[PDB]
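Below you will find one chain, with nothing else, as structure tokens; this is the form deposited in one PDB entry, and questions on how it binds or moves follow later.
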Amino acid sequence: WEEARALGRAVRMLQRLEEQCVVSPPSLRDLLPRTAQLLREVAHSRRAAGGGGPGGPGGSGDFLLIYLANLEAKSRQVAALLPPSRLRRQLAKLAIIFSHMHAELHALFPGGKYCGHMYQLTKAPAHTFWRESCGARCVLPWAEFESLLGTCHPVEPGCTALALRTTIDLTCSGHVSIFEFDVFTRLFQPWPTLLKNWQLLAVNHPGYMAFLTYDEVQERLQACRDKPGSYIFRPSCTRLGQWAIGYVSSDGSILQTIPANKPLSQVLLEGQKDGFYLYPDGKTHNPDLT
């Protein structure tokens, strides 16, 4: 069967990369063997008589077809860069993407065993939307997903929709999994104003940084070290669905805040009032979040 062969090809490509990579999270040296070990687990479980969950479009089989083709494409990108500033950045972005691919596979096939049909989103309104719109499916192509989301939260076609796609699609696969929609709706809660929240915080906010690691943001914030109240906020790529707010304190040290149940807009507005989050990316413009 073709899925078994494809799983073997993927495990081999991850081993080649792992050997070609011979530090701080996300690290390809860590992620490559971890993802391979998970795929070996998936292969074993797919031998079982049941365990595939509801079939058809967007089920476990479809998820793996799309996931392993994308994992191949990203692995080719890494191989083409590795030695046998630009390079550091390209390998950082790809490490973030691998951290995303690992987290998604772990969320949906923990221990190798599919749970995409049972998976539950963090935010209840978003969970209901997914199960009502998408049913038992764990993954959709972007164009279908943009249509379904639009029954509730329509986005303007063109550059805005494409920006939304770039934000939601953590694995850069062109498909949205239930795990990606969980992360997105957690980050940009609350549900009733979901895309307004995303517009105000991730398209029109100079403090937002996507696809940057902890080390890259520290390097960025150090530049602001003489402007206390400077801050940037990014989605964590190691603790998916959480924000990490990096900020310059009064004394000039770089601290971190992690939001919990409060929407980001509330955290930033309260941190503005308290005088902590004042100059986004060190810029003078701080957007009004009411």
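Residue positions are given as counts along the sequence shown, with the first one as 1. Note that the rigid core is defined as the largest set of C-alphas that superpose within 1.5 Å between two forms.
Form deposited with a small molecule bound: not shown, discussed below.
Screening 31-39, 237-245, 258-266, 54-62 for residues having heavy atoms within 4.5 Å of the small molecule in the deposited bound form returns a single hit, 54-62. Using a 4.5 angstroms limit between non-hydrogen atoms, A161 is distant from the small molecule in the deposited bound form. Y114 belongs to the set of residues with a heavy atom inside 4.5 Å of the small molecule in the deposited bound form. Contact annotation: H205 falls outside 4.5 Å of the small molecule in the deposited bound form, judged by heavy atom distances.
Using a 4.5 angstroms limit between non-hydrogen atoms, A73 is distant from the small molecule in the deposited bound form. In terms of contact with the small molecule in the deposited bound form, the residue from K123, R220, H175, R137 that brings a heavy atom within 4.5 Å is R137. Comparing the forms between the shown form and the other one on their rigid core, the Cα displacement of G61 stays under 2 Å.
A movement of the C-alpha atom of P33 falling short of 2 angstroms is seen between the shown form and the other one when the two forms are aligned on their rigid core. Closer approach of the C-alpha atoms of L14 and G50, by 3 angstroms or more, is seen in the deposited bound form than in the present form.
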